[PDB]
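One chain comes next, on its own, written as structure tokens: the form deposited in one PDB entry.
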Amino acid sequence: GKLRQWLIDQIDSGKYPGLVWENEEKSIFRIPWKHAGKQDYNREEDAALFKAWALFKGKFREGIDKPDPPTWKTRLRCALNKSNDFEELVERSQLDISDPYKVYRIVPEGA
């Protein structure tokens, strides 16, 4: 399973604005989640994390495949949904604000 450490690395990297830890224990984080239809939407910035997952897993090849941010978003979402390593704290997510984000908890390796 690559998702757990890859995502932890992405947050720890500080390369994705808004992809940040919410506590110092590094067990809860925010992941920017902007709807791709908004005017506010900028693919280069708002799709960067989804694309990186597609690039990292080889499901998209720069220069060869047509860019498809909607598909990229679905892949990371479904991976998070089915992952036993991550749990959305849905009551804490902020999808209705100008810079929307979902909140995820990282499950301890024992549960």
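In case it trips you up, residue 1 is the first one in the sequence shown, and so on. Rigid core here is just the name for the largest C-alpha set that superposes within 1.5 Å across the two forms. Shifts are known only where both forms have a C-alpha.
Beyond what is shown, the protein has a form deposited in another entry; the following relates to that form.
In a fit on the core, which one among 59, 43, 35, 82 has a Cα that moves 2 Å or more between the shown form and the other one?
Only 43 moves by 2 Å or more at its C-alpha.
Knowing the Cα distance between residue 44 and residue 82 changes 3 Å or more in that other deposited form, does it shrink or grow relative to here?
Those two alpha carbons end up closer in that other deposited form.
Closer or farther: how do the Cα atoms of residue 40 and residue 21 compare in that other deposited form relative to this form, given a change of at least 3 Å?
So the answer is farther.
Among residues found in both forms, what runs of at least 3 in a row have Cα shifts of 2 Å or more between the shown form and the other one after core fitting?
Core-superposed, displaced stretches are 37-41, 43-46.
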